[PDB]
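Let me begin by presenting the structure, written as structure tokens, before commenting on it.
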Amino acid sequence: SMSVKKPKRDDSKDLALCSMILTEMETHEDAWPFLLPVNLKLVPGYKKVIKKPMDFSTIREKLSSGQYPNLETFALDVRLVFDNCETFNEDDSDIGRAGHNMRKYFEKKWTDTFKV
Ligand SMILES: Cn1cc(C(=O)NCC2(N)CCCCC2)ccc1=O
């Protein structure tokens with residue numbers, strides 16, 4: 001509360017660590033469905049069904065331009081990528097399984113990097 005300061009973690013490396021994690025995602029073999037925005041004019045249903053689209057390139061732009069206030073908002077956009085993928089794709093489709101694989105891949109790096 002007012003004048004009662006909770007000790008806080010050192011966040012000074014967060015930008016560079018989130019960037020490294022995103023680089024790992026971008027280079028993963030199963031990243032291809034998520035590297036660019038879904039083409040809203042060529043993919044039936046996407047625009048109406050998926051209320052907040054997100055992809056790695058948009059995340060990279062937001063990270064490179066100071067649009068994430070904290071690491072929690074960065075992980076929200078990452079998780080949004082895979083939530084959208086689950087909403088729109090069958091678990092066993094190529095894109096659907098890629099999303100599941102990428103989510104697991106992300107969450108381990110997140111715990112390994114920040115749950116010190
Ligand atoms: C996350 N996601 C992606 C698509 C999609 O179209 N991805 C790219 C592709 N169509 C065009 C360039 C490479 C070949 C495949 C559809 C539904 C979805 O949920």
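Identifiers for the structure tokens are assigned positionally: chains receive A, B, ... in sequence, residues are indexed from 1 per chain, and ligands are indexed from 1 in the order shown.
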Within 8 Å of ligand 1, which residues of chain A come that close, and what is the closest atom pair and distance in Å for each? Count only C-alpha atoms and all ligand atoms and give it as a Markdown table.
```
| residue | atom | partner | partner_atom_place_in_ligand_line | distance |
| --- | --- | --- | --- | --- |
| A:32 | CA | ligand 1 | 13 (C) | 6.7 |
| A:33 | CA | ligand 1 | 7 (N) | 4.5 |
| A:34 | CA | ligand 1 | 1 (C) | 5.3 |
| A:36 | CA | ligand 1 | 8 (C) | 7.7 |
| A:37 | CA | ligand 1 | 3 (C) | 7.7 |
| A:38 | CA | ligand 1 | 3 (C) | 5.3 |
| A:39 | CA | ligand 1 | 6 (O) | 6.6 |
| A:42 | CA | ligand 1 | 6 (O) | 7.7 |
| A:43 | CA | ligand 1 | 6 (O) | 6.2 |
| A:46 | CA | ligand 1 | 17 (C) | 7.2 |
| A:55 | CA | ligand 1 | 1 (C) | 7.8 |
| A:81 | CA | ligand 1 | 1 (C) | 7.4 |
| A:82 | CA | ligand 1 | 1 (C) | 7.8 |
| A:84 | CA | ligand 1 | 19 (O) | 6.4 |
| A:85 | CA | ligand 1 | 19 (O) | 4.4 |
| A:86 | CA | ligand 1 | 19 (O) | 7.5 |
| A:87 | CA | ligand 1 | 19 (O) | 7.8 |
| A:88 | CA | ligand 1 | 19 (O) | 5.2 |
| A:89 | CA | ligand 1 | 19 (O) | 5.8 |
| A:95 | CA | ligand 1 | 2 (N) | 6.5 |
| A:96 | CA | ligand 1 | 19 (O) | 7.5 |
| A:99 | CA | ligand 1 | 1 (C) | 7.7 |
```
Practice prompt. Would you return as a ChimeraX atom specification the members of chain A that DSSP assigns to helix (DSSP H, G or I) on this structure's backbone?
Written response: /A:14-27,29-34,46-49,56-64,71-88,94-114
Output C-alpha atoms of each residue in that selection to a file, as a tab-separated table (two decimals), in the first residue's frame.
```
chain	number	residue	atom	x	y	z
A	14	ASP	CA	13.09	-8.99	-19.31
A	15	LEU	CA	13.13	-7.40	-22.78
A	16	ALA	CA	16.22	-9.32	-23.90
A	17	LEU	CA	14.97	-12.61	-22.41
A	18	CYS	CA	11.54	-12.29	-24.05
A	19	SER	CA	13.32	-11.50	-27.32
A	20	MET	CA	15.47	-14.63	-27.02
A	21	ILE	CA	12.42	-16.76	-26.23
A	22	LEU	CA	10.59	-15.31	-29.24
A	23	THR	CA	13.63	-16.05	-31.42
A	24	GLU	CA	13.47	-19.68	-30.28
A	25	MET	CA	9.79	-19.81	-31.23
A	26	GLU	CA	10.34	-18.20	-34.63
A	27	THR	CA	13.00	-20.80	-35.50
A	29	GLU	CA	10.20	-26.29	-37.08
A	30	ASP	CA	6.50	-26.10	-36.19
A	31	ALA	CA	6.36	-22.27	-36.21
A	32	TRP	CA	5.19	-21.94	-39.84
A	33	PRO	CA	1.43	-21.52	-39.07
A	34	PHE	CA	2.20	-18.67	-36.66
A	46	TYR	CA	-11.21	-16.51	-39.38
A	47	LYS	CA	-12.20	-12.84	-39.18
A	48	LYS	CA	-15.60	-13.44	-37.58
A	49	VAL	CA	-14.55	-16.29	-35.28
A	56	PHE	CA	4.81	-14.08	-34.00
A	57	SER	CA	5.60	-11.22	-36.39
A	58	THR	CA	3.09	-8.93	-34.65
A	59	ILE	CA	4.54	-9.92	-31.27
A	60	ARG	CA	8.04	-9.19	-32.59
A	61	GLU	CA	6.92	-5.75	-33.81
A	62	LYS	CA	5.25	-4.94	-30.48
A	63	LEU	CA	8.35	-6.12	-28.59
A	64	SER	CA	10.71	-4.09	-30.82
A	71	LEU	CA	6.59	-9.60	-19.33
A	72	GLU	CA	3.05	-10.70	-18.35
A	73	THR	CA	1.54	-8.84	-21.30
A	74	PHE	CA	4.07	-10.47	-23.63
A	75	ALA	CA	3.11	-13.97	-22.46
A	76	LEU	CA	-0.56	-13.07	-22.94
A	77	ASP	CA	0.00	-12.40	-26.66
A	78	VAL	CA	2.03	-15.60	-27.00
A	79	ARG	CA	-0.71	-17.65	-25.32
A	80	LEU	CA	-3.31	-15.87	-27.49
A	81	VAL	CA	-1.57	-17.25	-30.60
A	82	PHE	CA	-2.15	-20.81	-29.37
A	83	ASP	CA	-5.63	-20.19	-27.93
A	84	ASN	CA	-6.70	-18.87	-31.34
A	85	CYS	CA	-5.13	-21.91	-32.97
A	86	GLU	CA	-7.05	-24.25	-30.65
A	87	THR	CA	-10.33	-22.39	-31.25
A	88	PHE	CA	-10.01	-22.70	-35.03
A	94	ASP	CA	-1.16	-30.31	-38.86
A	95	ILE	CA	-1.80	-26.72	-37.72
A	96	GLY	CA	-3.62	-27.86	-34.58
A	97	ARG	CA	-0.86	-30.21	-33.44
A	98	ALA	CA	1.72	-27.52	-34.26
A	99	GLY	CA	-0.11	-25.20	-31.88
A	100	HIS	CA	-0.09	-27.75	-29.07
A	101	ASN	CA	3.61	-28.46	-29.64
A	102	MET	CA	4.43	-24.72	-29.64
A	103	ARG	CA	2.46	-24.05	-26.47
A	104	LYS	CA	4.36	-26.72	-24.54
A	105	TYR	CA	7.64	-25.50	-26.04
A	106	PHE	CA	6.83	-21.92	-24.92
A	107	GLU	CA	5.69	-22.71	-21.38
A	108	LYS	CA	8.85	-24.69	-20.57
A	109	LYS	CA	11.06	-21.81	-21.72
A	110	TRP	CA	8.90	-19.44	-19.69
A	111	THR	CA	9.30	-21.48	-16.50
A	112	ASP	CA	12.97	-22.17	-17.22
A	113	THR	CA	13.74	-18.50	-17.89
A	114	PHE	CA	11.69	-16.70	-15.22
```
